[PDB]
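Enquirer: upload02.cif is reproduced in full below (mmCIF, C-alpha atoms; chains and numbers go by the auth columns).
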data_run
loop_
_atom_site.group_PDB
_atom_site.id
_atom_site.type_symbol
_atom_site.label_atom_id
_atom_site.label_comp_id
_atom_site.label_asym_id
_atom_site.label_seq_id
_atom_site.Cartn_x
_atom_site.Cartn_y
_atom_site.Cartn_z
_atom_site.B_iso_or_equiv
_atom_site.auth_seq_id
_atom_site.auth_asym_id
ATOM 1 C CA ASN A 1 105.917 68.252 101.990 0.00 4 A
ATOM 2 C CA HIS A 2 108.237 69.727 99.413 0.00 5 A
ATOM 3 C CA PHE A 3 107.553 73.504 99.369 0.00 6 A
ATOM 4 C CA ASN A 4 109.443 74.096 96.107 0.00 7 A
ATOM 5 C CA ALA A 5 107.511 77.228 95.109 0.00 8 A
ATOM 6 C CA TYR A 6 109.178 79.353 97.793 0.00 9 A
ATOM 7 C CA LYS A 7 112.709 78.599 96.575 0.00 10 A
ATOM 8 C CA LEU A 8 112.546 81.224 93.838 0.00 11 A
ATOM 9 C CA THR A 9 111.965 84.054 96.315 0.00 12 A
ATOM 10 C CA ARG A 10 113.587 85.734 99.311 0.00 13 A
ATOM 11 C CA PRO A 11 112.497 87.870 102.266 0.00 14 A
ATOM 12 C CA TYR A 12 112.514 91.660 102.173 0.00 15 A
ATOM 13 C CA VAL A 13 112.483 94.714 104.398 0.00 16 A
ATOM 14 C CA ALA A 14 109.723 97.273 104.955 0.00 17 A
ATOM 15 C CA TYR A 15 108.905 100.517 106.761 0.00 18 A
ATOM 16 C CA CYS A 16 107.571 99.606 110.190 0.00 19 A
ATOM 17 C CA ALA A 17 105.430 102.071 112.098 0.00 20 A
ATOM 18 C CA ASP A 18 106.289 100.800 115.607 0.00 21 A
ATOM 19 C CA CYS A 19 109.774 99.357 116.037 0.00 22 A
ATOM 20 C CA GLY A 20 109.328 99.308 119.773 0.00 23 A
ATOM 21 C CA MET A 21 109.643 102.431 121.925 0.00 24 A
ATOM 22 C CA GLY A 22 107.375 104.326 119.511 0.00 25 A
ATOM 23 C CA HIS A 23 110.181 105.276 117.123 0.00 26 A
ATOM 24 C CA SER A 24 109.848 104.522 113.422 0.00 27 A
ATOM 25 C CA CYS A 25 112.506 102.526 111.578 0.00 28 A
ATOM 26 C CA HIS A 26 113.008 99.996 108.819 0.00 29 A
ATOM 27 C CA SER A 27 112.686 96.404 109.915 0.00 30 A
ATOM 28 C CA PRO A 28 112.850 92.879 108.536 0.00 31 A
ATOM 29 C CA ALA A 29 110.097 92.009 110.995 0.00 32 A
ATOM 30 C CA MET A 30 107.048 94.092 110.141 0.00 33 A
ATOM 31 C CA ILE A 31 103.522 92.697 110.077 0.00 34 A
ATOM 32 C CA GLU A 32 100.783 93.107 107.494 0.00 35 A
ATOM 33 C CA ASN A 33 97.603 91.229 108.017 0.00 36 A
ATOM 34 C CA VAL A 34 95.237 89.865 110.644 0.00 37 A
ATOM 35 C CA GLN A 35 92.384 88.081 108.789 0.00 38 A
ATOM 36 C CA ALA A 36 90.946 86.220 111.773 0.00 39 A
ATOM 37 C CA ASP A 37 87.917 84.868 109.877 0.00 40 A
ATOM 38 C CA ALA A 38 87.658 81.737 112.040 0.00 41 A
ATOM 39 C CA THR A 39 85.147 80.886 114.726 0.00 42 A
ATOM 40 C CA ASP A 40 87.268 79.386 117.514 0.00 43 A
ATOM 41 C CA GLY A 41 89.442 82.500 117.520 0.00 44 A
ATOM 42 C CA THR A 42 92.758 81.734 115.865 0.00 45 A
ATOM 43 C CA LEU A 43 94.775 84.251 113.864 0.00 46 A
ATOM 44 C CA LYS A 44 96.939 84.225 110.740 0.00 47 A
ATOM 45 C CA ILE A 45 99.827 86.662 110.433 0.00 48 A
ATOM 46 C CA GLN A 46 101.597 87.495 107.157 0.00 49 A
ATOM 47 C CA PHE A 47 104.921 88.969 108.251 0.00 50 A
ATOM 48 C CA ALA A 48 107.607 89.914 105.804 0.00 51 A
ATOM 49 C CA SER A 49 110.286 87.296 106.531 0.00 52 A
ATOM 50 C CA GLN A 50 110.430 83.584 105.764 0.00 53 A
ATOM 51 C CA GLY B 1 74.145 100.608 99.308 0.00 195 B
ATOM 52 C CA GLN B 2 74.867 103.562 101.540 0.00 196 B
ATOM 53 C CA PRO B 3 78.236 102.726 103.095 0.00 197 B
ATOM 54 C CA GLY B 4 78.579 101.423 106.622 0.00 198 B
ATOM 55 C CA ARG B 5 75.100 99.958 107.036 0.00 199 B
ATOM 56 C CA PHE B 6 73.939 96.575 105.737 0.00 200 B
ATOM 57 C CA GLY B 7 74.354 95.831 102.051 0.00 201 B
ATOM 58 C CA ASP B 8 77.444 97.901 101.323 0.00 202 B
ATOM 59 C CA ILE B 9 78.537 95.420 98.646 0.00 203 B
ATOM 60 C CA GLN B 10 76.443 92.861 96.810 0.00 204 B
ATOM 61 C CA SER B 11 76.186 90.563 93.810 0.00 205 B
ATOM 62 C CA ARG B 12 73.440 88.460 92.260 0.00 206 B
ATOM 63 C CA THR B 13 75.225 85.208 93.088 0.00 207 B
ATOM 64 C CA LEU B 14 78.665 83.866 93.973 0.00 208 B
ATOM 65 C CA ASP B 15 79.969 84.400 90.430 0.00 209 B
ATOM 66 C CA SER B 16 78.405 87.577 89.002 0.00 210 B
ATOM 67 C CA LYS B 17 81.745 88.931 87.818 0.00 211 B
ATOM 68 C CA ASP B 18 80.688 92.566 88.205 0.00 212 B
ATOM 69 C CA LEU B 19 79.584 93.872 91.568 0.00 213 B
ATOM 70 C CA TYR B 20 78.080 96.965 93.160 0.00 214 B
ATOM 71 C CA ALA B 21 79.979 98.990 95.750 0.00 215 B
ATOM 72 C CA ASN B 22 79.518 102.434 97.272 0.00 216 B
ATOM 73 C CA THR B 23 82.094 102.133 100.034 0.00 217 B
ATOM 74 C CA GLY B 24 83.071 105.819 100.050 0.00 218 B
ATOM 75 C CA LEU B 25 86.677 104.933 99.277 0.00 219 B
ATOM 76 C CA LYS B 26 89.096 107.793 98.678 0.00 220 B
ATOM 77 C CA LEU B 27 92.877 107.990 98.910 0.00 221 B
ATOM 78 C CA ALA B 28 95.063 110.894 100.047 0.00 222 B
ATOM 79 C CA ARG B 29 98.708 111.806 99.611 0.00 223 B
ATOM 80 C CA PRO B 30 101.453 110.387 101.834 0.00 224 B
ATOM 81 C CA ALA B 31 103.668 112.366 104.140 0.00 225 B
ATOM 82 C CA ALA B 32 107.323 112.852 103.302 0.00 226 B
ATOM 83 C CA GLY B 33 110.056 110.265 103.725 0.00 227 B
ATOM 84 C CA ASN B 34 108.231 106.970 104.084 0.00 228 B
ATOM 85 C CA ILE B 35 106.893 105.143 101.039 0.00 229 B
ATOM 86 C CA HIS B 36 103.335 103.915 101.577 0.00 230 B
ATOM 87 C CA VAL B 37 99.811 104.742 100.456 0.00 231 B
ATOM 88 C CA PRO B 38 96.997 106.280 102.524 0.00 232 B
ATOM 89 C CA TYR B 39 93.297 105.770 101.869 0.00 233 B
ATOM 90 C CA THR B 40 90.105 106.319 103.838 0.00 234 B
ATOM 91 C CA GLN B 41 86.720 104.594 103.856 0.00 235 B
ATOM 92 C CA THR B 42 84.194 103.342 106.360 0.00 236 B
ATOM 93 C CA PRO B 43 85.060 99.824 107.563 0.00 237 B
ATOM 94 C CA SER B 44 83.358 96.687 106.315 0.00 238 B
ATOM 95 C CA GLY B 45 79.835 97.242 107.601 0.00 239 B
ATOM 96 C CA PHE B 46 78.966 93.546 107.412 0.00 240 B
ATOM 97 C CA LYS B 47 80.967 92.849 110.564 0.00 241 B
ATOM 98 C CA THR B 48 79.300 95.845 112.211 0.00 242 B
ATOM 99 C CA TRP B 49 75.911 94.313 111.415 0.00 243 B
#
Let's see the structure in the file written out as structure tokens.

Expert:
Amino acid sequence: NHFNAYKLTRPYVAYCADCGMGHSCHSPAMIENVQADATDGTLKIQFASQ
Amino acid sequence: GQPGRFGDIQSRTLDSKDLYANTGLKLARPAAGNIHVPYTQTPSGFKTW
């Protein structure tokens, strides 16, 4: 319940392929992963902000 | 381990620190402007099986 490891780092921007409306942009809200890997059917998402 | 069917990657146990793979992986060149990396291979055939 302390989470100290994150404090060294910051978020960052990336090149998103769908910024809405089908037009490419740079965004602080991209998404890279899915990795379902469960059995009940939950999902983990690793998106580039904090 | 012909790629795409069963047994596309394997190892003698959970810790055999070298492992066989024939996943047909190859990477191409990106298009202009955006910085990324393209690469093509058949998906993980285990889930297909």

Enquirer: I'd like to see the residues matched by the PyMOL selection byres ((chain B) within 10 of (chain A)) on this file, and ideally I'd get them as an MDAnalysis selection string.

Expert: chainID B and resid 228:230

Enquirer: Find the spatial neighbours of residue B:231, counting all atoms listed in the file, within a cut-off of 8 Å - ignore same-chain residues fewer than 2 positions away - and output them as a PDB file with C-alpha atoms, in the frame of the given file.

Expert:
ATOM      1  CA  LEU B 221      92.877 107.990  98.910  1.00  0.00           C
ATOM      2  CA  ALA B 222      95.063 110.894 100.047  1.00  0.00           C
ATOM      3  CA  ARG B 223      98.708 111.806  99.611  1.00  0.00           C
ATOM      4  CA  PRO B 224     101.453 110.387 101.834  1.00  0.00           C
ATOM      5  CA  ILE B 229     106.893 105.143 101.039  1.00  0.00           C
ATOM      6  CA  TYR B 233      93.297 105.770 101.869  1.00  0.00           C
TER       7      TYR B 233
END

Enquirer: Pull out every residue that the PyMOL selection byres ((chain B and resi 214) around 9) matches in the shown coordinates and put them as number ranges by chain.

Expert: B: 195, 202-205, 212-213, 215-216

Enquirer: Determine the residue membership of the PyMOL selection byres ((chain A and resi 47) around 7) for the file above and supply it as number ranges by chain.

Expert: A: 37-39, 46, 48-49

Enquirer: Provide the atom CA of residue A:52 to atom CA of residue A:14 distance in Å, to one decimal place.

Expert: 4.8 Å

Enquirer: Atom CA of residue B:219 and atom CA of residue A:42 are how many Å apart?

Expert: 28.6 Å

Enquirer: Could you check the closest approach to residue B:240 for each of B:206, B:217, B:211, B:227 and tell me which residue wins, using only C-alpha atoms?

Expert: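 Closest residue, counting only C-alpha atoms: B:217.
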
Enquirer: To one decimal place in Å, what is the distance between atom CA of residue B:197 and atom CA of residue B:218?

Expert: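 Between these atoms lies a distance of 6.5 Å.
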
Enquirer: Please put the answer as AutoDock Vina command-line options: centre and edge lengths, in Å with one decimal, of a box along x, y and z that encloses all listed atoms of stretch 7-24 of chain A plus 3 Å on each side.

Expert:
--center_x 109.5 --center_y 88.3 --center_z 107.9 --size_x 14.2 --size_y 34.3 --size_z 34.1

Enquirer: Just save chain B with C-alpha atoms, as a CSV table (one decimal), in the first residue's frame.

Expert:
chain,number,residue,atom,x,y,z
B,195,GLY,CA,7.3,-27.6,-35.3
B,196,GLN,CA,5.7,-26.4,-38.5
B,197,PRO,CA,4.2,-23.1,-37.5
B,198,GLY,CA,0.5,-22.7,-36.8
B,199,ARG,CA,-0.4,-26.3,-35.9
B,200,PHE,CA,0.2,-27.9,-32.6
B,201,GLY,CA,3.7,-27.8,-31.1
B,202,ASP,CA,5.0,-24.6,-32.6
B,203,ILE,CA,7.2,-24.0,-29.6
B,204,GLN,CA,8.4,-26.5,-27.0
B,205,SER,CA,10.9,-27.2,-24.3
B,206,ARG,CA,12.0,-30.3,-22.3
B,207,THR,CA,10.6,-28.9,-19.0
B,208,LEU,CA,9.6,-25.6,-17.4
B,209,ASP,CA,13.3,-24.4,-17.2
B,210,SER,CA,15.2,-25.7,-20.2
B,211,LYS,CA,16.7,-22.3,-20.9
B,212,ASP,CA,17.0,-22.9,-24.6
B,213,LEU,CA,13.9,-23.6,-26.6
B,214,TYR,CA,12.8,-24.6,-30.1
B,215,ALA,CA,10.7,-22.3,-32.3
B,216,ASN,CA,9.9,-22.2,-36.0
B,217,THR,CA,7.2,-19.5,-35.9
B,218,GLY,CA,7.9,-18.1,-39.3
B,219,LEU,CA,8.7,-14.7,-37.8
B,220,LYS,CA,9.9,-12.0,-40.2
B,221,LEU,CA,9.8,-8.2,-39.9
B,222,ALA,CA,9.3,-5.6,-42.7
B,223,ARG,CA,10.1,-1.9,-43.0
B,224,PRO,CA,7.8,0.8,-41.6
B,225,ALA,CA,6.0,3.4,-43.7
B,226,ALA,CA,7.0,7.0,-43.5
B,227,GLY,CA,6.2,9.4,-40.7
B,228,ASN,CA,5.2,7.2,-37.8
B,229,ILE,CA,7.8,5.5,-35.7
B,230,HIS,CA,6.9,1.8,-35.0
B,231,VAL,CA,8.0,-1.6,-36.1
B,232,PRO,CA,6.1,-4.1,-38.4
B,233,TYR,CA,6.5,-7.9,-38.2
B,234,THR,CA,4.6,-10.8,-39.6
B,235,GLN,CA,4.1,-14.4,-38.3
B,236,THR,CA,1.3,-16.9,-37.9
B,237,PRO,CA,-0.5,-16.4,-34.6
B,238,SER,CA,0.1,-18.5,-31.5
B,239,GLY,CA,-1.2,-21.9,-32.7
B,240,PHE,CA,-1.7,-23.2,-29.2
B,241,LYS,CA,-4.9,-21.1,-28.8
B,242,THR,CA,-6.0,-22.3,-32.3
B,243,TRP,CA,-5.7,-25.9,-31.1
